[PDB]
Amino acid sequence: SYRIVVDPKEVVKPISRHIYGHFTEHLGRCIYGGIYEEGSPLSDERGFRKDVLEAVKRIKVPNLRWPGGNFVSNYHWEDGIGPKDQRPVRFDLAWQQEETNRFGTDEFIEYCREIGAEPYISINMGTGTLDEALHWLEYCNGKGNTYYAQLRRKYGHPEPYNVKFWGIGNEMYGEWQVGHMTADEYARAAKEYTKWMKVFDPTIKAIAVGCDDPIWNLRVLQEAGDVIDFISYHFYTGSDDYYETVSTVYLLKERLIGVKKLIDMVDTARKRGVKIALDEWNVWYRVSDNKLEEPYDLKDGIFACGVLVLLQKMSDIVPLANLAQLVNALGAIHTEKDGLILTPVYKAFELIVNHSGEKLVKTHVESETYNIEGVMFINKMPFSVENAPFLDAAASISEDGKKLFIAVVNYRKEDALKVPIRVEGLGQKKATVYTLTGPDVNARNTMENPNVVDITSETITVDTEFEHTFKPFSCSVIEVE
């Protein structure tokens, strides 16, 4: 017996508009041949794919991370500025391909401006330095007559970009990261970079590298807990079995609350509201090369759908979140020399970003849950979830309080469900429901079938108490009031 109950009159908390953020690295074809393709028939003036550019504006990306995860650890931002042509061609150790560097800081901020996204830049703590980091910040933000501020002007860009989010290193814990450090090395370093940098520009937000090692996090929070604003968390899941995949949205839940509690345990970090930044998270188990062009199907899209619902109701501790990428590399939008194609993961965002409120409202659901055991992300790391709901949901209200969105996810495949929803004091209106699903849990869009998995409206008469059946493996948003 399932049933959900919403009370639009009771606001619980805001929903950080930045939970819907995306990430874009210089990996494989994410940049070159993805959002950027110089002199292509589909690309515009500045080399931006117009067809990609649309798909991106359609899901109003809030903030965009760049230039990377692994890449950034051997990236020197100064090779990305100044006229192109004269920019050095370097060899990226991360994914082993040459970097023409024609897509640099200036180009990224332009792309951000164009899609109305707040840039989120992450510095290089591998082969880079503190002087180098400061300079990049000088170049992007301040307006004095310091060398780098003026350099920005000489190149474009007389007005300062004002990048608000700075990722202080990337997965510095990893033996695979160029110049990886120990818990104490990185810990004491995060504080040094954040300490200064912030004396130059007090307004920036700093995201420190966090991960699954408790001692790591704890040592980072303990050292820089009085100056950093977030602690980074990366979550990659996946498996062939439908449930092993969708059910990990509830594993991510326990994981986040885990990190949450570590923060509570470090006096300085708890005093300042240090929060979690889930700056890297998607499904990823199939491909394990250096193009990472994962073929996402509806199964994965549902997971994505669930994650957004989760965040929707946890944005108070995880205000910042970034999908793996949004282009080819673990991409949400797959590209080709002559076209585009939106994967179920992209759809999940299309649905929730355009049908979601700025405030979370008392919403209480009752599902049949289950227990599971499965693997994860390609080495098939073992994991287990307990009491994962078959149905979950989140009710949001627009800013002006005149519109309600009840997003629900039926995480069952062999079943549709006729749950009695109820909205305290609603009355009889003619709401419309946008639902996202498709043929089977393995459906996916192609170049010739750009619509196998898609969003579809449908009208309904709703009352203070009513019913609506949700298809198996579906994600729906009843838009009322």
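The first residue of the sequence shown is number 1, and the count goes up from there.
> With reference to the PDB entry, specify whether the mean Cα temperature factor is higher for 452-460 or for 34-42.
Here the higher of the two C-alpha B-factor means belongs to 452-460.
> Tell me which stretch, 222-230 or 326-334, has the higher mean Cα B-factor listed in the entry.
The deposited B-factors put 326-334 ahead on the C-alpha mean.
> Considering only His18, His22, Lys13, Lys471, which residue's Cα atom bears the greatest B-factor as recorded?
If I rank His18, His22, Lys13, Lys471 by C-alpha B-factor, first place goes to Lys471.
> Between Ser384, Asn124, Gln177, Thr343, which one tops the list for C-alpha B-factor in the PDB entry?
Highest C-alpha B-factor among the listed options: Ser384.
> Taking the values exactly as deposited, rank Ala133 by C-alpha B-factor within its chain and report the matching third: lowest, middle or highest.
As the PDB entry reports it, the C-alpha B-factor of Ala133 lands in the lowest third of its chain.
> Taking the values exactly as deposited, rank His355 by C-alpha B-factor within its chain and report the matching third: lowest, middle or highest.
Top third by C-alpha B-factor.
> Based on the deposited C-alpha B factors for this chain, I'd like to know if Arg270 is in the lowest, middle or highest third.
Lowest third, going by the recorded CA B-factors of the chain.
> Among the modelled residues of its chain, does the C-alpha B-factor of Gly425 lie in the lowest, middle or highest third?
According to the entry, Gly425 has a C-alpha B-factor in the chain's highest third.
> Which third, lowest, middle or highest, does the C-alpha temperature factor of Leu417 belong to within its own chain?
It belongs to the highest third of the chain when residues are ordered by C-alpha B-factor.
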